[PDB]
2 protein chains.
Amino acid sequence: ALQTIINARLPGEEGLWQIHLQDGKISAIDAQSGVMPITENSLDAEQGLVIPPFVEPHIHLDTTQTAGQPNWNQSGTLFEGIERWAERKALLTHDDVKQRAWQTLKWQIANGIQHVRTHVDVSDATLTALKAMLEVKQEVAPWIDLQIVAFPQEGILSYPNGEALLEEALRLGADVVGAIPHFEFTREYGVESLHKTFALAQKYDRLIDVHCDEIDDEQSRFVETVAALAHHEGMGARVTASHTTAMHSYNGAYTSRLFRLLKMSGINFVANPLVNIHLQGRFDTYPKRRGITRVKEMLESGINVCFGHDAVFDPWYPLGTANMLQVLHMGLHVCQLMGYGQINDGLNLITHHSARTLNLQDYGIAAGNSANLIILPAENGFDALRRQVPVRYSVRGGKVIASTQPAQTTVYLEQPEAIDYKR
Amino acid sequence: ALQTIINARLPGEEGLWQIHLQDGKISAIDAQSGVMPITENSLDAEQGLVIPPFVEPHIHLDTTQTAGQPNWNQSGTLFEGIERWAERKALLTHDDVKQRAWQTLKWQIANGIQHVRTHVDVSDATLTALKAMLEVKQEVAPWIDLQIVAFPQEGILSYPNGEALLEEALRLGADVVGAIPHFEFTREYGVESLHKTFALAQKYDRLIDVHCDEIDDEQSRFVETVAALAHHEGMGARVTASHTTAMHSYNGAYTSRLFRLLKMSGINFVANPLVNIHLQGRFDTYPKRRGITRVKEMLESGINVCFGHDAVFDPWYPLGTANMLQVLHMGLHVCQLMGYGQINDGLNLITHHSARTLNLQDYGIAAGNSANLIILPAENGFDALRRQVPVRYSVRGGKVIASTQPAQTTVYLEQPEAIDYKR
Ligand SMILES: O=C1NC=C(F)[C@H](O)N1
Ligand SMILES: O=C1NC=C(F)[C@H](O)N1
Ligand SMILES: [Fe+3]
Ligand SMILES: [Fe+3]
């Protein structure tokens, strides 16, 4: 029955703070002028950093843990990945999807992630994975608020009954409408697919998250239609453009023109560093492009951008432990957001910016909000990122739902010495 | 008084193995047909992976821990980095260099690194850092065999008395002769500097490690002179070309021609993933090149290539905990060595290949060799890399010199559950 979080550091704030908890919510936040004593019912942050929970804005829980089944993606490309997934999709069973999704979700809970948006392939007349995921959503609710995107992986207009299946998925309860314009057979189908996606989102009052321009094609500009339709409907807050890796290859003049619309539209952007560095640049010899969208410029322009893990051991990515600080680490390097302040503020890319992408209404350390927060054994964002620290405690509804007793490293010199990699 | 390492897995080998130790050496290695019981004097690898120690083939211990002093490298480029370092170099003191070097060395010991090659800037008439590092080398010897490269950071022919200072550093005991041809004022000075470097290495019987073509200039081809001079002198095993990031920008025809010489010469290559992804591509707008040398092609051609951390919190890199598995993780992503086998064999890039780069004569788990080895709590290279595991035990001369009690993570669901991120 926790009543207070004491000795907490907060990003962008000086000193220590006390967070009072009442009835599963944050009742008040007060600055401390020194270190407070521990006591029963008090969770001691020990001058560590307290932040709202990590968020996973983009993952594929229906494909997670399937890498190599029945075959491996040899080329390491998005296109072969979809082909390898199609082979696995034909072998799906309800229980298998639930088991694999739950395996990755447990890693996420352990990693302080309390909000997850999973795409689920609905280019499947049986909607096997979707039915399984809707059950997982209910089962995992005490620990993670899971959003499900009805993702038409093989296209809306380019797959048999694609539009009907996408709508069926919404009627079954999917929270977000997906699309993949660059995978449609033609540019015209791509644009038309977006009009259909927006019409469905307005008909059912759902969010939108488009796999948008995930291709090293300087002519893949579906993002301008996503932003324009959102602006026209006055619904930018409910819309997300995932990937936009083609933007890495656009000329600068078009990008500058486009940025005005991106800002005016208010839509969100998701970059997936671990997967993008792996799948993009595969058609270059040397030099080889990085292939991540224009994260640095978006931040400078005040456009909301955040980071997702995208895949965890599946056709598009052979690694991962569903760790957001690891995703952030890769993104900061590839996007060259390596200034001290840029690294320190990096936490926003896996917390607040992602919460905005998911249109969350109860997020942040503020009075009145649910007591959902995590404690990192680090002094600030820079320190947490540099040392790739685990989540010491994850609190949800005012209760501890995960904890990590840190590793203990000792070197035996003339005398034993504890090493914590700090300075 | 350890007598045996039991239940050890070895890369590329099936089953479990027992490593018998006698008089600080490995006396014999025998396969097990099952799990052996623990007993006093036996170190149980617990079916974890046993490998020779991690190696750091390229780091700057004279600059480590100085990021932001007195100013930060704002552009994130090699060139500004050297300028910021020059400002810090003027403030060096003997004790400060020793303290900072020892701080990073302790992190390395904790991370199972028993072999380290540090470059030390000798473009300094006072040779302050070199004198300090020669003392550190002696002090750290019980735990790490430290090689010192006399690195003429500001050039040999382009800095006052550069050649005399480089030779003075060798007379004081530096183990390796360095150079930086692409930083010399002219291409001719660059080539001439290499002839002088090789002449010094033959005069003093020292190794060579050139900061070679660390620039996104398709015309920076000093590597062909390094390889040709090594081939002419029949000394490839003693020569290393660090960085060669310009190779990322070469046309393919010249690279193919060059590769024949690289193979024939037998020289070694070091890629520094964390720093290269950060400092390279800084003059591109979009698309932006990755800038790491041709690691994948070198491996396919049987050319020895390995990975270094290069910098730990200094003018050229604001992060790091001197962790080789983290360096490897970045390299596998940026170089797209993402096939299962490529990832699994990744350990060679931070163990055996690096030992060859340092021309080590006592390295590897083989009878007769010193009992220097480390134990990773993982099933194989892939698993160790994916989970970024710590070093459970580091053994040197048959004695434990470092150990890490792993972190313990628990999620509180309907029942508490331990999470180890394994599958
Ligand atoms: O279309 C896609 N499917 C799965 C992925 F992991 C990638 O995000 N893109
Ligand atoms: O010339 C250089 N000095 C320092 C570095 F870290 C980089 O390796 N290159
Ligand atoms: Fe995706
Ligand atoms: Fe270097």
Side-chain angles (χ1 to χ4, degrees), chain A residues 65 67-68 72 74 76 103 106-107 109-110 142-143 247-250 252 255 274 277-278 281-282 285-291 294 313 318-321 326 330 333-334 336 338-340 343 385-388 390 399-413 417 419 421 423, chain B residues 65 67-68 72 74 76 103 106-107 109-110 142-143 247-250 252 255 274 277-278 281-282 285-291 294 313 318-321 326 330 333-334 336 338-340 343 385-388 390 399-413 417 419 421 423:
Chain A
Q65 312 292 172
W72 287 90
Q74 303 310 314
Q103 175 170 36
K106 289 181 184 182
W107 294 2
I109 296 171
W143 304 281
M247 200 185 296
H248 193 267
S249 298
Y250 292 168
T255 304
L274 298 173
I277 191 178
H278 159 54
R282 290 283 182 169
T285 49
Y286 280 102
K288 207 178 308 284
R289 74 198 67 214
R290 295 166 187 231
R294 301 190 185 215
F313 196 71
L319 296 169
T321 54
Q326 188 178 85
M330 183 63 64
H333 283 77
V334 179
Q336 294 176 329
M338 298 289 285
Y340 179 84
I343 294 165
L385 186 285
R386 185 177 70 80
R387 292 188 298 110
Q388 291 288 285
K399 296 181 176 58
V400 173
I401 53 73
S403 66
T404 289
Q405 172 179 290
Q408 295 174 181
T409 302
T410 304
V411 293
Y412 302 92
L413 309 183
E417 182 174 347
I419 296 72
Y421 307 97
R423 187 177 94 295
Chain B
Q65 312 292 172
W72 287 90
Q74 303 310 314
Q103 175 170 36
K106 289 181 184 182
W107 294 2
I109 296 171
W143 304 281
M247 200 185 296
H248 193 267
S249 298
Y250 292 168
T255 304
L274 298 173
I277 191 178
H278 159 54
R282 290 283 182 169
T285 49
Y286 280 102
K288 207 178 308 284
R289 74 198 67 214
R290 295 166 187 231
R294 301 190 185 215
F313 196 71
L319 296 169
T321 54
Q326 188 178 85
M330 183 63 64
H333 283 77
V334 179
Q336 294 176 329
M338 298 289 285
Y340 179 84
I343 294 165
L385 186 285
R386 185 177 70 80
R387 292 188 298 110
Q388 291 288 285
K399 296 181 176 58
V400 173
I401 53 73
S403 66
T404 289
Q405 172 179 290
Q408 295 174 181
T409 302
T410 304
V411 293
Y412 302 92
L413 309 183
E417 182 174 347
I419 296 72
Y421 307 97
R423 187 177 94 295

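Every chain is numbered from 1 and lettered A, B, ... according to where its sequence line falls, protein lines coming before strand lines.
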Check whether [X] gets within reach of chain A through its side chain, its backbone, both or neither, counting any heavy atom under 4.5 Å.
X        : value
B:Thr285 : neither
B:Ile343 : side chain
B:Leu385 : side chain
B:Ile419 : side chain
B:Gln65  : both
B:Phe313 : side chain

Next on the checklist: As an exercise: rank A:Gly339, A:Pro142, A:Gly320, A:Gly291 by heavy-atom pairs under 4.5 Å with chain B and give me the winner.
Outcome noted: A:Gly320
Item to check | Closest-packed option against chain B by number of heavy-atom pairs under 4.5 Å, given A:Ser249, A:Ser403, A:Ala402 | outcome: A:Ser403
Do you know which of [options] has the most heavy-atom pairs under 4.5 Å to chain A?
options                                : answer
B:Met338, B:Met330, B:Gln74, B:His248  : B:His248
B:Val400, B:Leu413, B:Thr255           : B:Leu413
B:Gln336, B:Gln405, B:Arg387, B:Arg423 : B:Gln336
B:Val411, B:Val334, B:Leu274           : B:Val411

Checklist entry - Quick one: side-chain hydrogen bond (donor to acceptor under 3.5 Å, both in side chains) partners of B:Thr409, sequence neighbours excluded? => result A:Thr404
Next on the checklist: I'd like to check the side-chain hydrogen bond (donor to acceptor under 3.5 Å, both in side chains) partners of B:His278; sequence neighbours left out, ordered by chain and number.
Outcome noted: B:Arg282
Is [X] close to chain B through its backbone or its side chain, or both, or neither, when contacts mean heavy atoms under 4.5 Å?
X        : value
A:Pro406 : backbone
A:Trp107 : both
A:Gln103 : side chain
A:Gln326 : side chain

Checklist entry - Between A:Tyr340 and B:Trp72, what is the ring plane arrangement, given parallel below 30°, perpendicular above 60°, and tilted in between? => result tilted
Next on the checklist: side-chain contact (heavy atoms from CB on, under 4.5 Å), that's the test. Do B:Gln388 and A:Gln388 meet it? Break it down for me.
Outcome noted: CA-CA 10 Å; B:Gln388 291 288 285; A:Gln388 291 288 285; over 6 Å; no
Next on the checklist: Test your reading of the model: is there a side-chain donor-acceptor pair from B:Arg289 to the backbone of A:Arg290, 3.5 Å cut-off?
Outcome noted: no
